């Protein structure tokens, strides 16, 4: 959903040190091909402590929102997918000794 299809399109350019932690970020009017729902985007991200507000000044990345943001998407994976995914190895007759085989060998690919 785009309330959150955008709230996730921001926390990343922070993990990339493009937006410095406790360094600033963009006027919405300017992040305007849409700036309407954005108010519900920035919403998500404020109520998620990812960013903060100076009265009349503008907008920064909350420090260690690098680390504030890493943390959020973790429990929205072990809640989200794992629980079915656990329940699939189950139904399928696959084991963790066979899955931590293909995983430890799965790094070979990315190096």
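Residue numbers count along the first chain shown, from 1.
Enquirer: How much of the deposited sequence is absent from the coordinates between residue 67 and residue 68: none, 1 to 3, 4 to 9, or 10 or more residues?
Expert: Count of unmodelled residues in between: none.
Enquirer: Higher mean Cα B-factor in the deposited model: 100-108 or 2-10?
Expert: Per the PDB record, 2-10.
Enquirer: Would you determine, from the values in the PDB entry, which of 20-28 and 88-96 has the greater average C-alpha temperature factor?
Expert: Mean C-alpha B-factor is greater for 20-28.
Enquirer: Per the PDB entry, which option out of 82, 72, 51, 33 has the greatest Cα B factor?
Expert: Within the set 82, 72, 51, 33, 33 shows the top C-alpha B-factor.
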